[PDB]
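Engineer: Fold the following and give me the result.
(chains A, B, C, D, E, F and G)
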Amino acid sequence: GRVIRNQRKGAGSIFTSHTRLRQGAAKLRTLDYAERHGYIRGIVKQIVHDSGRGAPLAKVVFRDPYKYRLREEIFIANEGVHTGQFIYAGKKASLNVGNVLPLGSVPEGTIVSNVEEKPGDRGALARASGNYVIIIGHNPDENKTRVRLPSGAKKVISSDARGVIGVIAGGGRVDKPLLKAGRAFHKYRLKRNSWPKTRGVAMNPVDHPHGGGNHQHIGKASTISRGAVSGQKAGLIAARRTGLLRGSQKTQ
Amino acid sequence: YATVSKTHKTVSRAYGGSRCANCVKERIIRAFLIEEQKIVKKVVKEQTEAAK
Amino acid sequence: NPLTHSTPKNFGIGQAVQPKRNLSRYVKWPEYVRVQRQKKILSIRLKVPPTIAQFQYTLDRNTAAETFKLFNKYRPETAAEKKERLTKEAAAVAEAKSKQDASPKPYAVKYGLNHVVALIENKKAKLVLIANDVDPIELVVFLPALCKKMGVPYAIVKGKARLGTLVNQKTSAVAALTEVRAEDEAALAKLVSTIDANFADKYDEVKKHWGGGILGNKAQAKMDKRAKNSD
Amino acid sequence: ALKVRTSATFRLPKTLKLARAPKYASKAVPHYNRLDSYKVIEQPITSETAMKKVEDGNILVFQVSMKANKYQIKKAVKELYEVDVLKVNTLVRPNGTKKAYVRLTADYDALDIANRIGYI
RNA sequence: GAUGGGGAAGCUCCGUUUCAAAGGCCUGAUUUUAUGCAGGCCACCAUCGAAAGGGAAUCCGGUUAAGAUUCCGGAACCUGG
RNA sequence: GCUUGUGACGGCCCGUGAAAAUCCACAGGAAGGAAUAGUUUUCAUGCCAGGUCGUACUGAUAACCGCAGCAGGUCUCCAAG
RNA sequence: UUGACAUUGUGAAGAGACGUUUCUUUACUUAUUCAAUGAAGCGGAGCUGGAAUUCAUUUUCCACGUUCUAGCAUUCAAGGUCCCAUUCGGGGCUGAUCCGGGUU
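Structural biologist: Residues are numbered from 1 along each chain as shown, chains lettered A, B, ... in the order given. Let me share the structure:
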């Protein structure tokens, strides 16, 4: 048969990401002596819209502890934060929205965004529009803090992992019906070549495990073993269950 | 601009090109009032410092 | 004087552009610098076997300078000495009698590994200097046990390049005299005395003891405090 | 000791850099000036339309070396004919030669220096 | 897409600042000299890739069988010294 | 009125619509500077130089591609009553 | 994907195989593995000083430059103190505690 479509994604090519008009990479400041012991002020100079990313980026510039020069980091704006607002980042920083602190330096119930996975990795979790992680508790058995993550899983990371106080900006973007193919069009035009989508069942057999015809149907269970081989993985992969559920909450 | 005389490229005040009158006015007033209240910041915290 | 002012700086977090300090602790050295520095450290961790632990036992400055002052008294011929000694020997002994016996029997320090090793085996040596820092160390590991087996005084002396000077080279690995003039026969038995009390007669104890360990600074305190505060 | 380094950055130590002092030299005999004057300018162009550029323009029209530029033409025309030169104009002919358009200063007469050289 | 490298039997593959000791500017000393040197900050940086993207500055009149914002005439502007 | 340029505004986006060379300016105040003389060449005037390669013509129901002087194909500017 | 052997090293609890020694939860860091930084501020101890206990002692704790403001922060740093007889220029010690060179 033919190399199926999801295998072609791998070799980059036609499928890499559209980044020409992206600002910078969103990152916290490099964890330095300042943040590691005290704090350091910065002003947000503008909050700007990054292409391919609803939820805006705040450009907040600091001074350089070691040379006379201005050094600008790029944050993900956090709603409520404004132009001109001072930003204090460090251990001794104050519990204010916009600021950024170690996870151990914030009480239980603090909601923070753009938090780190390992300390100093400069940001990993809750970064998409409107997201936040919740601090549920601490554990001075090696500087650890237990957080609740957007997906719902609760995870324990080091208390020296920085978060930034508040939610990510960008409201309820997914609340507006997309309406036209054209709007979806422009959407993925600024991300990656993933749209539109051809149903595997609308293909011929060469192209897809579903491609066989004379009637459009998958013909075998559409639930695939995790151990299945690249080339076979199309459908609902290690699907624990399937069908409708209406299931309220997560895993607390 | 490299074919041109400096009066074309300036006004006569602090930040000739750079900033804009109202922007250098607020610039000064802002400077003054903080520098002042800096001393007041320190003195006050040398009154309460003598209290204990 | 009251026109110049005192304007102190705030050199703490959050203000005043930090002033140039000394970061020799932090410099990212060339890769060749870290490898020679860390091949020391690595070899310091890991229990090192006693027959490599034999070395590191060098020689005190005073007994070393004593052995060197004596060894200096037996320099091998220079380039120019042997130059004339041969236009003295050949342009005479090949013009008369004495099979090249127109020169006094020499007294030399004896150098070179293959040379020395056979001297230790034929029991001709009277004292032997072995550099603590020969690499590859297998070149010399067995020499303490060679000596101790044969009944030959040895000392592990600091400097493979200090022995080079005693034979007018760059390095000389080992040095060991065999003959010695009769006036010097005194200090010989004197040095060997102080020496064989530090090495050959300790050999049996040293062989029983490994080296290595040492957590390296930062971890050592972490264990120290773990038993200083928590005990 | 120690020595104080106020940078965590190690650089390559500036080292001498000697200077070449050979032992037998590359060439045996240097090459003579390739592209001199008799080489630069090669041949008058005397089309009936280049002649009108002499009788009426005070231009001297030479097929000049393809390897040669506007400076070197001006030089040669000066040195070979004892003339002074305003500007030299050049186009690469379509037959793969180079044609120089050389207008002389008012002190000189191209038409005279034309049948001086020996054509008209 | 070369380079310290790291893969590969190898044709080569990977990586492009990449885990690399990766430099070139101002200038004084010295007035044996136009220069070796003495102040020194600056610098995670080959190069290729647009005759429609960015970009220093020219116009009018006249002229040929065929060239012209390029020649003639006049009048300008830019750059580097 | 037509074409085109351009301004102050207004609608639109889960789309908010390049980069670099390059030019300037400010902040800074190192350093250099006069009174029998010295400062300045971002003011006017004056002097010299500006290399290499392309430059013709067709651009289409005959100069290109479709075996061709082929009813096909092949990007663009100007536009009178 | 699963097991084994090799890369593979040190300290222990036990339940076990007849003080060595191999077995499951586990401490070490030097192998190996991950990330950052123009390898900056790690680690140990101190100067200062506010409390304490002890029925007096050092037996330890605690603190030790930045938060009304969309300024400003750079020339080995001013000051202080030493030297060069010091014309003008320099330099050193503090300013800015010591100690390990484990960049973190």
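
Engineer: Chain B against RNA strand E: which residues are in contact?
Structural biologist: Neighbours of RNA strand E within chain B, by Cβ under 7 Å from any atom of the strand: B:2-3. (Each C-beta comes from the backbone N, C-alpha and C, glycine too.)

Engineer: can you pull the contacts of residue D:57?
Structural biologist: If you count contacts by Cβ atoms under 8 Å, 6 or more residues apart in numbering or on different chains, residue D:57 has them with D:103, D:110.

Engineer: For the residue nearest the centre of chain D, identify the helix or strand it belongs to.
Structural biologist: Residue closest to the average C-alpha location in chain D (Cα atoms, centre = their mean): residue D:72, at 2.5 Å. For residue D:72, the host element (DSSP states H and E) is helix D:70-81.

Engineer: what's next to that helix, contact-wise?
Structural biologist: Contacts of helix D:70-81 (Cβ under 8 Å, 6+ apart): D:35, D:37-38, D:40-41, D:60, D:62, D:64, D:68, D:83-85, D:88, D:90, D:100, D:102, D:113, D:116-117.

Engineer: Now go through those residues and say which are in strands.
Structural biologist: Judged by DSSP state E, strands contain the following of the contacts of helix D:70-81: D:41, D:60, D:62, D:64, D:85, D:88, D:90, D:100, D:102.

Engineer: So the second one sits against residue D:111, correct?
Structural biologist: No. Taking Cβ atoms under 8 Å as the contact criterion, residue D:60 and residue D:111 are not neighbours in contact, 9.8 Å apart.

Engineer: Can you check which residues contact both of the two?
Structural biologist: With Cβ under 8 Å, 6+ apart, residue D:60 and residue D:111 have common neighbours residue D:54.

Engineer: Which positions in chain D make contact with RNA strand G?
Structural biologist: D:2, D:5, D:8-9.

Engineer: In those residues, which residue is surrounded by the most others?
Structural biologist: The residue in those with the most neighbours, by other Cβ atoms under 10 Å in any protein chain shown, is residue D:5 (14 neighbours).

Engineer: roughly how far apart are the residue nearest the centre of chain C and residue C:65?
Structural biologist: Nearest to the mean C-alpha position of chain C, by Cα atoms, centre = their mean, lies residue C:158 at 2.2 Å. Counting by Cβ to Cβ, to the nearest Å, the gap from residue C:158 to residue C:65 is 11 Å.

Engineer: who's in contact with residue C:11?
Structural biologist: When contacts are counted by Cβ under 8 Å, 6+ apart, residue C:11 touches C:18-19.

Engineer: hmm, back to that, excluding covalently adjacent residues, which one is nearest to the residue nearest to the centre of chain C?
Structural biologist: residue C:58 (3.9 Å; Cβ to Cβ, 6 or more residues apart in numbering or on different chains).

Engineer: all helices for chain C, in order.
Structural biologist: C:31-44, C:50-53, C:61-71, C:79-93, C:113-121, C:143-150, C:162-165, C:185-196, C:203-206, C:217-228 (DSSP state H).

Engineer: which of the residues in the third one are buried?
Structural biologist: Spelled out, that is helix C:61-71. Residues C:64, C:66-68, C:70-71 are the ones in helix C:61-71 that count as buried (16 or more other Cβ atoms under 10 Å in any protein chain shown).
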